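Working notes, beginning with the structure itself.
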Ligand SMILES: *[C@@H]1O[C@H](CO)[C@@H](O[C@@H]2O[C@H](CO)[C@@H](O[C@@H]3O[C@H](CO[C@H]4O[C@H](CO)[C@@H](O)[C@H](O)[C@@H]4O)[C@@H](O)[C@H](O[C@H]4O[C@H](CO)[C@@H](O)[C@H](O)[C@@H]4O)[C@@H]3O)[C@H](O)[C@H]2NC(C)=O)[C@H](O)[C@H]1NC(C)=O
Ligand SMILES: *[C@@H]1O[C@H](CO)[C@@H](O[C@@H]2O[C@H](CO)[C@@H](O)[C@H](O)[C@H]2NC(C)=O)[C@H](O)[C@H]1NC(C)=O
């Protein structure tokens, strides 16, 4: 005979995002508050740190900045809106997205109009399969 | 009435049972196996007395498989139990699964301050 037990559970992959200060993302930033003028660029990369790195590709899908730390603020300045670079700002440049364990991009600095002095960054992340589905962005126009 | 536990960690899954095994059903020794026989159990005394196995959450370390949805990703293996090398009256097994979502919300914890 056989006496079968079926259990369940769940967990999450750890995933992180960090800023950088070079051409090739040499020196990441560790401080808690960054003071840089609007002549300086914002080189930003993401990273997949959990596991199963052999199978899942890291695709950036929605990367936006907001003047408040709370992620659901209605004021959003978009950088990547739907899996594609925003082409209005003529300085945004995306180098790698959807091909490895890290997504990287580059914009120039801004400050929101009105009575605001802080800028926070937020991103959403989709994990696309390297073996089942095409993951590199196709974007024109 | 056999209290199990599950810990679907970031890199590895873990199924563990307590030492009421020595009092339940007369299990004098504990043999614990996975779908691949080379993965076996060990002893765990960190908080209470536990007996556990360890599997990575990938495709084929200890014969775990990836069953994937469009919203989740679920790994699974099957554990085996006995009190002797040969089973004669009860083929006991415990089927487990850990699911993983594919849609993350990561935010940069540090803030900025520009000078115009
Ligand atoms: C994409 O893939 C993911 C990964 O599998 C799916 O997410 C899981 O969906 C299933 C199906 O709803 C969830 O399973 C659980 O089903 C139980 C009902 O079925 C059992 O119980 C009846 C008797 O009631 C039996 O006859 C039957 O044979 C089954 O054994 C529910 O009871 C569960 O609710 C549980 O919720 C949580 C679990 O952590 C606890 O509070 C309780 O234990 C409670 O019982 C549940 O509905 C499973 O949980 C989902 N996993 C998740 C969300 O991580 C997606 O549904 C799928 N998407 C698709 C197909 O579109
Ligand atoms: C983020 O900010 C909003 C308001 O700016 C906080 O309030 C929520 O507002 C939404 C609609 O915008 C409502 O649906 C929620 O019910 C509101 N929640 C509460 C608790 O009032 C929201 O709480 C903030 N998020 C935090 C603090 O995590």
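Counting starts with 1 at the first residue shown.
For this deposited structure, the header notes the method as electron microscopy, 3.5 Å.
A Cβ is built for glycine as well, from the same backbone N, Cα and C atoms used for every other residue.
Taken from Swiss-Prot as is:
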- B:8-B:98: disulfide bond (DISULFID)
- B:39-B:62: disulfide bond (DISULFID)
- B:69: N-linked glycosylation site (CARBOHYD)
- B:7-102: region 'ZP-N' (REGION)
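Mapped onto this structure are the features recorded in Swiss-Prot.
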residue: B:8; record: disulfide bond; DSSP (3 states): coil
residue: B:39; record: disulfide bond; DSSP (3 states): coil
residue: B:62; record: disulfide bond; DSSP (3 states): coil
residue: B:69; record: N-linked glycosylation site; DSSP (3 states): coil
residue: B:98; record: disulfide bond; DSSP (3 states): strand
Proximity to chain A among recorded positions B:8, B:39, B:62, B:69, B:98, where any Cβ pair is under 8 Å: B:8, B:98
Listed in sequence order, residues with CB under 8 A of residue B:62 (disulfide bond) and six or more positions away: B:34, B:35, B:36, B:38, B:39, B:55, B:56, B:77
Cα distance (Å, whole number) from residue B:69 (N-linked glycosylation site) to residue B:8 (disulfide bond): 18
Rounded distance in angstrom between the Cα atoms of residue B:98 (disulfide bond) and the residue listed as 'N-linked glycosylation site': 13
All-chain count of other Cβ atoms within 10 Å of residue B:8 (disulfide bond): 20
Sequence-ordered recorded positions from B:8, B:39, B:62, B:69, B:98 with Cβ under 6 Å of an atom of ligand 1: B:69
B:39, B:98 as disulfide-bonded residues, winner by CB count within 10 A: B:98
